[PDB]
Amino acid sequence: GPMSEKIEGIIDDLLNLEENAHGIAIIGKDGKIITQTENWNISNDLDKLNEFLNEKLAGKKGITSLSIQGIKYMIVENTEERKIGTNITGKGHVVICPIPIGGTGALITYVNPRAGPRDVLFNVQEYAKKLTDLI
């Protein structure tokens, strides 16, 4: 869906709530970028992000790492509510929260490497839910 100032505001709010959210992107259900913060760019990694969000596990090993803007992340948590990636050399973390739950949109947060992604999950998950109907 198109970007909106209603979406802008929810992101403004998240970024002030969660100090350690150092970057945001929103993927719509069609897998297109709705918006992202000016301090990063996920555009060239969207194919692999979408493959990951659409994945259906077979008990065959699925996707266990993903790269965004040259940083490779190990997937350490993978549920319908939240997926956590963490770079093995200290270059940061990502939290991907599907919108709706288990669905193909997502709120993605880049997390300060000095912080822990465990601490941001609650708010990023709530904020993914706020976006559900917007899109």
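Numbering starts at 1 and runs along the sequence shown.
Higher average CA B factor: 32-40, of the stretches 72-80 and 32-40. Of the two stretches examined, 98-106 and 82-90, the record assigns the greater average C-alpha temperature factor to 82-90. In the deposited entry, the Cα temperature factor of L66 sits in the middle third of values across the chain's modelled residues. Among all modelled residues in this chain, the alpha-carbon of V120 has a temperature factor (C-alpha) in the highest third. Among the modelled residues of its chain, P113 has a C-alpha B-factor that falls in the highest third according to the deposited record.
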